[PDB]
Amino acid sequence: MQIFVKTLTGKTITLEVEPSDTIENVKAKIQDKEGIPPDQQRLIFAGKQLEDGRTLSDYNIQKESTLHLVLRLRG
């Protein structure tokens with residue numbers, strides 16, 4: 001299985017994943033490719049924001065699906 005991760009500015013990151021992969025797991029994959037800490041990560045699927053505990057299948061995310069990556073900072 002393979003999904004796409006969308007970056008703010010632009011570019012198409014492609015992630016190789018499993019359907020039962022947890023959202024924490026995807027974030028760990030992104031960290032390898034984008035050196036971005038999972039704490040500063042926010043994944044969006046079809047407008048919705050995903051949560052660490054649920055897996056790709058819980059959100060009914062199949063292959064060739066795009067998740068929008070959005071850094072999360074504050075102060």
# chains A, B, ... in the order shown; residues from 1 in each chain; ligands from 1
call {"tool": "residues_around", "arguments": {"residues": "residue 62 in chain A", "least_positions_apart": "4", "cutoff": "9 Å", "atoms": "only C-alpha atoms", "output": "VMD selection string"}}
result
chain A and resid 1 to 3 19 56 to 57
call {"tool": "write_last_selection", "arguments": {"atoms": "N, CA, C and O atoms", "output": "short mmCIF file (atom, residue, chain, number, x, y, z; two decimals), in the first residue's frame"}}
result
data_model
loop_
_atom_site.label_atom_id
_atom_site.label_comp_id
_atom_site.auth_asym_id
_atom_site.auth_seq_id
_atom_site.Cartn_x
_atom_site.Cartn_y
_atom_site.Cartn_z
N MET A 1 0.84 -1.23 0.00
CA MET A 1 0.00 0.00 0.00
C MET A 1 0.85 1.24 0.00
O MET A 1 1.91 1.28 0.64
N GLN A 2 0.37 2.26 -0.70
CA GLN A 2 1.09 3.53 -0.83
C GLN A 2 0.15 4.73 -0.80
O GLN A 2 -0.84 4.76 -1.51
N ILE A 3 0.47 5.73 0.02
CA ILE A 3 -0.34 6.94 0.09
C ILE A 3 0.55 8.11 -0.25
O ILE A 3 1.75 7.95 -0.42
N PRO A 19 -2.12 -1.10 5.75
CA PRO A 19 -3.45 -0.58 6.05
C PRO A 19 -3.72 -0.47 7.55
O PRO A 19 -4.39 0.44 7.99
N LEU A 56 -4.84 3.75 9.75
CA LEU A 56 -5.25 4.19 8.42
C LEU A 56 -6.59 3.63 8.00
O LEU A 56 -7.35 4.30 7.32
N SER A 57 -6.88 2.40 8.38
CA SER A 57 -8.14 1.79 7.99
C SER A 57 -9.31 2.33 8.79
O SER A 57 -10.43 2.35 8.30
#
call {"tool": "select_by_dssp", "arguments": {"residues": "chain A", "states": "alpha helix (DSSP H)", "output": "PDB file with C-alpha atoms, in the first residue's frame"}}
result
ATOM      1  CA  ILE A  23      -1.305   7.389  12.637  1.00  0.00           C
ATOM      2  CA  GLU A  24       1.684   7.510  14.998  1.00  0.00           C
ATOM      3  CA  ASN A  25       3.372   5.086  12.639  1.00  0.00           C
ATOM      4  CA  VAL A  26       2.786   7.300   9.604  1.00  0.00           C
ATOM      5  CA  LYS A  27       4.218  10.251  11.503  1.00  0.00           C
ATOM      6  CA  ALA A  28       7.340   8.219  12.242  1.00  0.00           C
ATOM      7  CA  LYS A  29       7.644   7.525   8.510  1.00  0.00           C
ATOM      8  CA  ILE A  30       7.351  11.227   7.760  1.00  0.00           C
ATOM      9  CA  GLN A  31      10.010  12.002  10.360  1.00  0.00           C
ATOM     10  CA  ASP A  32      12.437   9.866   8.384  1.00  0.00           C
ATOM     11  CA  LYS A  33      11.615  11.575   5.095  1.00  0.00           C
ATOM     12  CA  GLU A  34      11.079  15.109   6.396  1.00  0.00           C
TER      13      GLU A  34
END
call {"tool": "closest_residue", "arguments": {"among": "A:64, A:18, A:51, A:39", "to": "residue 4 in chain A", "atoms": "only C-alpha atoms"}}
result
A:64
call {"tool": "closest_residue", "arguments": {"among": "A:40, A:75, A:45, A:12", "to": "residue 58 in chain A", "atoms": "only C-alpha atoms"}}
result
A:45
call {"tool": "closest_residue", "arguments": {"among": "A:74, A:11, A:63, A:6", "to": "residue 44 in chain A", "atoms": "only C-alpha atoms"}}
result
A:6
call {"tool": "residues_around", "arguments": {"residues": "residue 41 in chain A", "least_positions_apart": "2", "cutoff": "8 Å", "atoms": "only C-alpha atoms", "output": "list in words"}}
result
residues 27, 36, 37, 38, 39, 43, 69, 70, 71 and 72 of chain A
